[PDB]
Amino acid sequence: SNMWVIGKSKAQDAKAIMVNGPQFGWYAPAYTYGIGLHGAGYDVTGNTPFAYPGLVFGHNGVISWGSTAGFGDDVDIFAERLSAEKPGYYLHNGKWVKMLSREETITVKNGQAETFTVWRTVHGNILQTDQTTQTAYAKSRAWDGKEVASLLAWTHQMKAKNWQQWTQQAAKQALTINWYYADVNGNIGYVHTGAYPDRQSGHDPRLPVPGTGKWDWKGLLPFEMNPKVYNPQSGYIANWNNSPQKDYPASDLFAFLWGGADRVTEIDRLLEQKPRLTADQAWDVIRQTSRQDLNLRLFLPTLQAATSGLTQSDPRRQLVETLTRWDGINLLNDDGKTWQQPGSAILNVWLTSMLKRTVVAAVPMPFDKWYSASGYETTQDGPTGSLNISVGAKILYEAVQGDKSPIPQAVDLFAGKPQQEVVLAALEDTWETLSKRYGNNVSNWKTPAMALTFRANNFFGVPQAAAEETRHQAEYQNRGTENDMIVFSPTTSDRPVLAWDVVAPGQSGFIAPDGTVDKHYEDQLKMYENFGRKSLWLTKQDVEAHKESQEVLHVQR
């Protein structure tokens, strides 16, 4: 998910501009739900995933808010000591404590029911047990017992009118999430929210700890430790799920890293390129970053250095010259199925070869498979989420940086060979593979574009629509599932705020029993594809002026 907030000093023809692109995957019907709430302290407009009570994206006329997932480490695993004799017990602080337990029956349509038991300890639910070692793993979340309060914080923040009021609610949001602020006076802010454990000295948060008592967390760190910044010297806040701050540790996921190679740099280069940005230019960054190859920037200098002493008729050099002329923006041909330049296909094959020779080679099976992906892997329906830089490519980037990388190279990933020899062998592999399928004339290579599917199954893999309700878009775009833009104090209007969004396929997913589809079932789908947007209304006058219908209810509690 990406976000760019532009404040007073960087904005052109407004005091503040917020553009959010939450990336949750693409679904039919739409992942978020549009809703305006006017009464009982509330005066809000925006859209929110699964119609939560609190609007994750929107504004109240004074301030605006947005989110990106967080990825701090707020979950650790406690290895609990069981006993062969006295089962259902576990050792904690010198006594054998009994487990909480519950029985569950799964009713099955056209099958027998199934019952099983769920176990829990002071640390959390038991994930798995090792009977051989008499160990059980408990997953322990820092937000445990604060789920409901996190939902309420997201609701109550819609009423804040300033920084102070807003951070009071951000302090109560316990999940690891980045929250962003903007207001009518042009102030902008950021908080990496959530509850983080206050761990005992010597606790490596990447691996399990014994659950017998000595490693228990001491409590939670205060909200003053949460990374946060208000009205930054730079004039802007940008995030693509990238590290909040210097020295902040990331999730313990093996596939997740905050390294020198990061896709947020792509947003930074565009915001640093212009002294000020208009609303229309802030919206335009969606289109550039959607189409940008993320590996070009990283490995072009290495490819250039290695093929510098090569002759012009050397195919490995021809591949690098193609890359050197490319700006890295993918564009569809007229056929609607192939890209105009073969760049991504070349980097994809190269990178796959480079990892097989370097990172993959140093890691024992079967963990070598964790580091092979190039990051271009999709299927015919296209990627299920955002495109990113793969773990293996982030590890390889540190290795090609030499002693300019801060990460000690315990193993030489090039295994004694000069870098350029490994780079050139991979480039030979790339030429062999691609020329075999497209031939030797690089200029007529028509490589396959990625496409985009609005899926009928939700993110769990469960149907939320019939399979024919699936929608297909020819151009894959690395962009938010929805895009929303709030512009405060526009010099070009008399309105204090102006906001836009796009919620595809449509606001409604209703289909009558005779198969008649709602009028608002898919009236936002072409708008999505062409980077368009619709206005969000807040004031009464604007809502009346664009009203298409009205319904009044009289109800007493």
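Residues carry their position along the shown sequence, with the first being 1.
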property	result
Stretch with the greater mean C-alpha B-factor as recorded in the entry, comparing 479-487 against 219-227	219-227
Comparing 433-441 with 349-357, the one whose average Cα B-factor in the PDB entry is higher	433-441
Criterion, highest CA B-factor; candidates, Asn388, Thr265, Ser313, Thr322	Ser313
Top residue by Cα temperature factor, when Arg141, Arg206, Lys446, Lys95 are compared in the entry	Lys95
CA B-factor ranking of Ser535, expressed as a third of its chain	middle
Modelled-residue ranking by C-alpha temperature factor, third containing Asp501	lowest
Relative C-alpha B-factor of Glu421, binned into the chain's lowest, middle or highest third	middle
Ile63 - Cα temperature factor, lowest/middle/highest third of chain	middle
Modelled-residue ranking by C-alpha temperature factor, third containing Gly328	lowest
